[PDB]
Structures are given as C-alpha cells and as structure tokens.
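**Q** Mind looking over this structure? Questions follow.
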Amino acid sequence: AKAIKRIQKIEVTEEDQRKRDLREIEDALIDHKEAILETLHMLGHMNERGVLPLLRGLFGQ
Amino acid sequence: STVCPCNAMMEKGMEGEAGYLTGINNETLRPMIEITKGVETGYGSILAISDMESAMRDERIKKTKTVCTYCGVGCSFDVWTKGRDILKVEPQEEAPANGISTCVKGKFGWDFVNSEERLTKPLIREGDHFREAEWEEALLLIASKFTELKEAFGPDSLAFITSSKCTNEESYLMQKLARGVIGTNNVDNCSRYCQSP
Ligand SMILES: CCCCCCCCCCCCCC(=O)O
Ligand code: SF4
Ligand code: SF4
Ligand code: NA
C-alpha cells in the first residue's frame, strides 16, 4: 500500500492503567507470598508478646 | 483494696493486666527485679523509667465514671478497663453518695456485662424455639402487631413496663411511647412491688 507514518495509539484509560499497576503489585505479593506470610506470623507474635502494644503506647503517649 | 496505698492489697483483676511488662510470668519477672535491684544506680533513674511506662498505660487502660447498676445507694465510681476486661472498679472521694465506699456488687459484681449468655441478636419466636432475626424484622413485627392490637382492641390493650435498672431517659421514652405513641396510660415499673406504699 501507499506510504503512511501517522499512528493512532490504543486508548489506555486512567482506570485501565490503575488496574495494570495494582495487578503488578498483586503479582509481586503473590511472588513474595511466603515472605509476607512469614512476616505476618512474626508480627502476630510481636503482638502476643509485649512488643507491638508497648510500641503503640510508647508513640501514643 | 481501695484504701491500700500500694499493691499490698490489690484486686485480682489488676494482676498481670495493668502494666506492659506485668504479663511476664513470675518465673522470669522475679529474676528481672533481682537484676534491676543489683544494677540500680539510684531510685530516681529507675523511677523515671517507671513513670514513662506508667504514662504509656494511658493507651491501654480506660478509666470511665459510672453509677452502680445494682441498689439505690447510688454509688458512683470509675471502671478501669483494658479492652473489654474490667481491671478494677476504682472509687473516688468526689463520689457524692459513697465516697471511696463500695459493696461486693458494685466493686466486683460486674462479670455479667461480658457473660457469654449476653443477648447480642433479636429473637423472634418460631414455634417451639427462638429464631435469631435481624433488627429490622424484629422492629417491623413489633410495629405491625402493636398497630394491629391498637386498631382492633384499642390502645388500652397494650401495657408497658419500665425498668428501674435502666436510665431516667429510658423511663421517659417508655412512657412517651405508651402515652404519646400508643395512646394508653398502662405504664409502670418495679416500684409497684416496692415503695408504692
Ligand atoms: C516492611 C514490609 C512492607 C510490605 C508492604 C506491603 C504492601 C502491601 C500492598 C497491598 C496491595 C493490595 C493490592 C490491591 O488492593 O489491589
Ligand atoms: S508502683 Fe512501685 S511503689 Fe507503688 S505498689 Fe507498685 S512497686 Fe510499690
Ligand atoms: S456498690 Fe453496693 S451499696 Fe453501692 S450502689 Fe452498688 S450495690 Fe448499692
Ligand atoms: Na489501692
């Protein structure tokens, strides 16, 4: 066909890009699932032990 | 326990609950106290550490003024609560009717508030049992049946009993419901079996 240069780009809406970015963060959590799960267990123990409430009170007051 | 100036006489509710480091089992906490005692440079240094921790307790322990739900002496006092746990009922000298005085019921008889038997959902009778139902259906059924008996049998076919356990405003609203809403004078409280004479 004849020579053309103009390209009409595909519309990536604000909401579409937001989903792509959030999905990228979701995939990173999925990849580091074990590390997150372990962090949550560790965090749960810090709360059971005196640690998290003590820090909440140290900054609270 | 109220008048004791130290922990020598204390409520079991306070034990292991009030402080951040008081939950540590006595097996581990006892050597900690012995270590600290030996290390200690001066009383003012470790008193400052204890004051900072005492200040931090304000995050956890909530102290709220209340009037005893039991008898007519009208004892008022502060309830010390860490979450839903009642640590101690702390009387105050300013309490107009009782001062620092309390009886077993007001000082220690508050377990019922956290009883596993506490009703948390409206119950609508479904034959030989009670059905747990939404607040909307329970209120809608009370409105439908109260209007039904008021239309067919009159406003005087509906009696209303106020509780002397409940507040002045709750007594006022029960009688405003009976007289102003239903249209009957059929209101009363346990004073009928009590000091009406
Ligand atoms: C110090 C470790 C910090 C870990 C930060 C975790 C961030 C969690 C992001 C959660 C994203 C939710 C995804 C979504 O709402 O679509
Ligand atoms: S706060 Fe200190 S002085 Fe007061 S009862 Fe406890 S250990 Fe004794
Ligand atoms: S503490 Fe005892 S005397 Fe005081 S109001 Fe309550 S039940 Fe009555
Ligand atoms: Na005391």
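To be explicit about the labels: the chains of the structure tokens are called A, B, and onward in the order shown, and within each one the residues are counted from 1, while ligands get numbers from 1 in the order they are shown.
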Let me see if you get this right: every residue at most 7 Å from ligand 2, counting only C-alpha atoms and all ligand atoms, written as a PyMOL selection string.
**A** chain B and resi 6-8
**Q** Please check which protein, DNA or RNA residues sit within 6 Å of ligand 3, counting only C-alpha atoms and all ligand atoms, and write them as a ChimeraX atom specification.
**A** /B:68,70-75,102-103,105-107
**Q** Hey, can you spit out that residue selection with N, CA and C atoms as a PDB file, in the first residue's frame?
**A**
ATOM      1  N   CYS B  68     -23.415   2.830  89.838  1.00  0.00           N
ATOM      2  CA  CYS B  68     -23.706   1.422  90.086  1.00  0.00           C
ATOM      3  C   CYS B  68     -25.076   0.979  89.604  1.00  0.00           C
ATOM      4  N   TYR B  70     -26.657  -1.661  90.546  1.00  0.00           N
ATOM      5  CA  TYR B  70     -27.337  -2.528  91.494  1.00  0.00           C
ATOM      6  C   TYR B  70     -28.400  -1.826  92.352  1.00  0.00           C
ATOM      7  N   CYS B  71     -28.083  -1.365  93.588  1.00  0.00           N
ATOM      8  CA  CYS B  71     -29.069  -0.828  94.513  1.00  0.00           C
ATOM      9  C   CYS B  71     -29.147   0.692  94.531  1.00  0.00           C
ATOM     10  N   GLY B  72     -30.132   1.195  95.276  1.00  0.00           N
ATOM     11  CA  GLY B  72     -30.451   2.606  95.415  1.00  0.00           C
ATOM     12  C   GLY B  72     -29.499   3.470  96.206  1.00  0.00           C
ATOM     13  N   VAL B  73     -28.406   2.921  96.774  1.00  0.00           N
ATOM     14  CA  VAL B  73     -27.424   3.775  97.467  1.00  0.00           C
ATOM     15  C   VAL B  73     -26.786   4.776  96.495  1.00  0.00           C
ATOM     16  N   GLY B  74     -26.715   4.422  95.214  1.00  0.00           N
ATOM     17  CA  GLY B  74     -26.251   5.323  94.177  1.00  0.00           C
ATOM     18  C   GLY B  74     -24.766   5.556  94.157  1.00  0.00           C
ATOM     19  N   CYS B  75     -24.001   4.501  94.406  1.00  0.00           N
ATOM     20  CA  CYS B  75     -22.556   4.608  94.385  1.00  0.00           C
ATOM     21  C   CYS B  75     -22.071   4.914  92.989  1.00  0.00           C
ATOM     22  N   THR B 102     -17.832   1.022  98.669  1.00  0.00           N
ATOM     23  CA  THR B 102     -18.487   0.120  97.718  1.00  0.00           C
ATOM     24  C   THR B 102     -18.900  -1.170  98.451  1.00  0.00           C
ATOM     25  N   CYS B 103     -19.774  -1.973  97.840  1.00  0.00           N
ATOM     26  CA  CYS B 103     -20.075  -3.299  98.346  1.00  0.00           C
ATOM     27  C   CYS B 103     -19.623  -4.332  97.280  1.00  0.00           C
ATOM     28  N   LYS B 105     -21.152  -6.096  95.190  1.00  0.00           N
ATOM     29  CA  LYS B 105     -21.837  -5.996  93.914  1.00  0.00           C
ATOM     30  C   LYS B 105     -21.299  -4.906  93.002  1.00  0.00           C
ATOM     31  N   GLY B 106     -21.105  -3.706  93.524  1.00  0.00           N
ATOM     32  CA  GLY B 106     -20.582  -2.604  92.724  1.00  0.00           C
ATOM     33  C   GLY B 106     -19.080  -2.666  92.527  1.00  0.00           C
ATOM     34  N   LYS B 107     -18.362  -3.207  93.520  1.00  0.00           N
ATOM     35  CA  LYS B 107     -16.912  -3.300  93.445  1.00  0.00           C
ATOM     36  C   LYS B 107     -16.456  -4.481  92.617  1.00  0.00           C
TER      37      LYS B 107
END
**Q** Return as a ChimeraX atom specification the full set of residues in chain A whose backbone-based DSSP assignment is helix (DSSP H, G or I).
**A** /A:14-31,33-48,51-60
**Q** Do you have, as CSV, the list of residues of chain B lying at most 10 Å from chain A, each with its nearest atom pair and that distance in Å to one decimal, counting only C-alpha atoms and ordered by chain then number?
**A**
residue,atom,partner,partner_atom,distance
B:19,CA,A:54,CA,9.6
B:20,CA,A:54,CA,6.3
B:21,CA,A:50,CA,6.9
B:22,CA,A:50,CA,9.4
B:23,CA,A:50,CA,7.9
B:24,CA,A:50,CA,8.5
B:52,CA,A:58,CA,8.3
B:53,CA,A:58,CA,7.9
B:54,CA,A:61,CA,10.0
B:55,CA,A:61,CA,6.6
B:56,CA,A:57,CA,4.9
B:57,CA,A:57,CA,6.8
B:58,CA,A:61,CA,7.2
B:59,CA,A:57,CA,5.2
B:60,CA,A:57,CA,7.4
**Q** Can those selected residues be exported to a file as a compact mmCIF listing (two decimals), in the first residue's frame so that it contains N, CA, C and O atoms?
**A**
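The resulting out-v1.txt:
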# COMPACT_ATOMS: atom_id res chain seq x y z
N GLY B 19 -0.05 -3.31 83.62
CA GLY B 19 1.22 -2.92 83.03
C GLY B 19 1.59 -3.58 81.72
O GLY B 19 0.97 -4.57 81.32
N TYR B 20 2.60 -3.04 81.04
CA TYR B 20 3.08 -3.63 79.80
C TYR B 20 3.98 -4.82 80.07
O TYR B 20 3.97 -5.79 79.30
N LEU B 21 4.77 -4.77 81.15
CA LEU B 21 5.67 -5.85 81.50
C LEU B 21 5.17 -6.73 82.63
O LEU B 21 5.90 -7.62 83.05
N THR B 22 3.94 -6.50 83.14
CA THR B 22 3.40 -7.32 84.23
C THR B 22 2.83 -8.68 83.77
O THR B 22 2.54 -9.53 84.61
N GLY B 23 2.70 -8.89 82.47
CA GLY B 23 2.23 -10.16 81.93
C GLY B 23 3.29 -11.25 81.96
O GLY B 23 2.97 -12.43 81.90
N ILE B 24 4.58 -10.85 82.04
CA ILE B 24 5.74 -11.73 82.11
C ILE B 24 5.60 -12.61 83.33
O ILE B 24 5.45 -12.10 84.43
N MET B 52 7.62 6.72 82.70
CA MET B 52 7.39 6.67 81.27
C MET B 52 6.49 5.50 80.93
O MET B 52 5.61 5.64 80.09
N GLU B 53 6.69 4.35 81.60
CA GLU B 53 5.85 3.18 81.36
C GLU B 53 4.45 3.41 81.92
O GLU B 53 3.47 3.06 81.28
N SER B 54 4.36 4.07 83.07
CA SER B 54 3.08 4.41 83.70
C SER B 54 2.27 5.31 82.75
O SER B 54 1.07 5.10 82.58
N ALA B 55 2.95 6.29 82.12
CA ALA B 55 2.33 7.21 81.18
C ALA B 55 1.79 6.45 79.97
O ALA B 55 0.70 6.75 79.51
N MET B 56 2.55 5.46 79.49
CA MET B 56 2.17 4.63 78.35
C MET B 56 0.91 3.85 78.60
O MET B 56 0.15 3.62 77.67
N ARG B 57 0.65 3.45 79.85
CA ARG B 57 -0.55 2.69 80.19
C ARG B 57 -1.84 3.40 79.77
O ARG B 57 -2.83 2.73 79.50
N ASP B 58 -1.81 4.74 79.68
CA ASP B 58 -2.95 5.53 79.24
C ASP B 58 -3.47 5.14 77.84
O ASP B 58 -4.60 5.47 77.51
N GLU B 59 -2.65 4.44 77.04
CA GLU B 59 -3.04 3.97 75.72
C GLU B 59 -4.01 2.80 75.85
O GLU B 59 -5.00 2.75 75.14
N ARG B 60 -3.73 1.87 76.78
CA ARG B 60 -4.49 0.64 77.04
C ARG B 60 -5.71 0.83 77.99
O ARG B 60 -6.86 0.58 77.60
**Q** Step by step, measure atom-to-atom distances between ligand 4 and each residue using only C-alpha atoms and all ligand atoms, keep those at most 8 Å, then write them as a ChimeraX atom specification.
**A** /B:1-7,9-10
**Q** Given the selection you just returned, output its residues as a file containing N, CA, C and O atoms, formatted as a compact mmCIF listing (two decimals), in the first residue's frame.
**A**
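Written output follows (part_2.txt):
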# COMPACT_ATOMS: atom_id res chain seq x y z
N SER B 1 -8.79 -2.96 99.50
CA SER B 1 -8.03 -2.83 98.24
C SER B 1 -8.06 -1.40 97.74
O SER B 1 -7.08 -0.93 97.17
N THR B 2 -9.21 -0.71 97.90
CA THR B 2 -9.36 0.67 97.50
C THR B 2 -8.40 1.58 98.31
O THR B 2 -7.56 2.25 97.71
N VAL B 3 -8.50 1.55 99.66
CA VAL B 3 -7.70 2.39 100.54
C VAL B 3 -6.21 2.01 100.64
O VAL B 3 -5.43 2.87 101.04
N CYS B 4 -5.79 0.78 100.25
CA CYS B 4 -4.38 0.42 100.33
C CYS B 4 -3.53 1.33 99.47
O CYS B 4 -3.83 1.51 98.29
N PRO B 5 -2.51 1.99 100.06
CA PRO B 5 -1.68 2.93 99.28
C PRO B 5 -0.68 2.30 98.31
O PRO B 5 0.04 3.04 97.64
N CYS B 6 -0.56 0.97 98.28
CA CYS B 6 0.38 0.31 97.38
C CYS B 6 -0.26 -0.94 96.72
O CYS B 6 -1.49 -0.99 96.61
N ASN B 7 0.53 -1.91 96.22
CA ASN B 7 -0.04 -3.12 95.63
C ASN B 7 -0.28 -4.24 96.67
O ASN B 7 -0.74 -5.31 96.27
N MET B 9 -2.49 -4.85 98.89
CA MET B 9 -3.84 -5.37 98.80
C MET B 9 -4.36 -4.90 97.48
O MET B 9 -4.54 -3.70 97.27
N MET B 10 -4.52 -5.84 96.54
CA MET B 10 -4.95 -5.48 95.20
C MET B 10 -6.01 -6.43 94.65
O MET B 10 -6.19 -7.54 95.16
**Q** List all protein, DNA and RNA residues that have at least one atom no more than 12 Å from any atom of ligand 1, counting only C-alpha atoms and all ligand atoms, and write them as a PyMOL selection string.
**A** chain A and resi 18-30+32-33+35-40+42-43
**Q** Which residues, written as a VMD selection string, have at least one atom at most 12 Å from segment 170-179 of chain B, with only C-alpha atoms counted and residues fewer than 4 positions away on the same chain left out?
**A** chain B and resid 143 146 150 155 to 166 183 to 190
**Q** So the first atom is atom CA of residue 18 of chain B and the second is atom CA of residue 87 of chain B; what is the distance between them in Å, to one decimal place?
**A** 7.3 Å
**Q** Show me, as a PyMOL selection string, the residues that have an atom within 8 Å of residue 76 of chain B when counting only C-alpha atoms, minus same-chain residues fewer than 6 positions from it.
**A** chain B and resi 65-68+91-92+95-98
**Q** How would the residues just picked look written out with N, CA, C and O atoms as a PDB file, in the first residue's frame?
**A**
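Result saved to again_35.pdb:
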ATOM      1  N   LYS B  65     -16.194   7.078  84.476  1.00  0.00           N
ATOM      2  CA  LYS B  65     -17.132   7.264  85.584  1.00  0.00           C
ATOM      3  C   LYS B  65     -18.479   6.621  85.286  1.00  0.00           C
ATOM      4  O   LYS B  65     -19.036   6.828  84.214  1.00  0.00           O
ATOM      5  N   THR B  66     -19.017   5.877  86.241  1.00  0.00           N
ATOM      6  CA  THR B  66     -20.324   5.261  86.099  1.00  0.00           C
ATOM      7  C   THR B  66     -21.087   5.279  87.437  1.00  0.00           C
ATOM      8  O   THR B  66     -20.510   5.581  88.480  1.00  0.00           O
ATOM      9  N   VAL B  67     -22.392   4.988  87.404  1.00  0.00           N
ATOM     10  CA  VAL B  67     -23.222   4.906  88.598  1.00  0.00           C
ATOM     11  C   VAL B  67     -23.626   3.452  88.687  1.00  0.00           C
ATOM     12  O   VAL B  67     -24.099   2.883  87.705  1.00  0.00           O
ATOM     13  N   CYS B  68     -23.415   2.830  89.838  1.00  0.00           N
ATOM     14  CA  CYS B  68     -23.706   1.422  90.086  1.00  0.00           C
ATOM     15  C   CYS B  68     -25.076   0.979  89.604  1.00  0.00           C
ATOM     16  O   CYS B  68     -26.076   1.629  89.900  1.00  0.00           O
ATOM     17  N   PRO B  91     -13.061   3.458  93.173  1.00  0.00           N
ATOM     18  CA  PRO B  91     -13.879   4.510  93.779  1.00  0.00           C
ATOM     19  C   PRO B  91     -13.116   5.828  93.894  1.00  0.00           C
ATOM     20  O   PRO B  91     -11.875   5.849  93.923  1.00  0.00           O
ATOM     21  N   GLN B  92     -13.860   6.936  93.925  1.00  0.00           N
ATOM     22  CA  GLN B  92     -13.264   8.270  94.002  1.00  0.00           C
ATOM     23  C   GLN B  92     -13.850   9.027  95.185  1.00  0.00           C
ATOM     24  O   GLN B  92     -15.043   8.895  95.444  1.00  0.00           O
ATOM     25  N   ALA B  95     -17.082  11.057  94.763  1.00  0.00           N
ATOM     26  CA  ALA B  95     -18.361  10.358  94.599  1.00  0.00           C
ATOM     27  C   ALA B  95     -19.354  10.835  95.645  1.00  0.00           C
ATOM     28  O   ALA B  95     -19.080  10.741  96.839  1.00  0.00           O
ATOM     29  N   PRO B  96     -20.393  11.552  95.201  1.00  0.00           N
ATOM     30  CA  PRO B  96     -21.273  12.231  96.159  1.00  0.00           C
ATOM     31  C   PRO B  96     -22.006  11.361  97.174  1.00  0.00           C
ATOM     32  O   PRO B  96     -22.146  11.779  98.327  1.00  0.00           O
ATOM     33  N   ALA B  97     -22.474  10.179  96.767  1.00  0.00           N
ATOM     34  CA  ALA B  97     -23.240   9.331  97.664  1.00  0.00           C
ATOM     35  C   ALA B  97     -22.397   8.351  98.458  1.00  0.00           C
ATOM     36  O   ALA B  97     -22.767   8.013  99.596  1.00  0.00           O
ATOM     37  N   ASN B  98     -21.275   7.878  97.876  1.00  0.00           N
ATOM     38  CA  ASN B  98     -20.472   6.864  98.547  1.00  0.00           C
ATOM     39  C   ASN B  98     -19.046   7.207  98.932  1.00  0.00           C
ATOM     40  O   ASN B  98     -18.488   6.484  99.751  1.00  0.00           O
TER      41      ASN B  98
END
**Q** So what do you get for atom CA of residue 80 of chain B versus atom CA of residue 50 of chain B, distance-wise?
**A**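 Computed distance, atom CA of residue 80 of chain B to atom CA of residue 50 of chain B, equals 19.7 Å.
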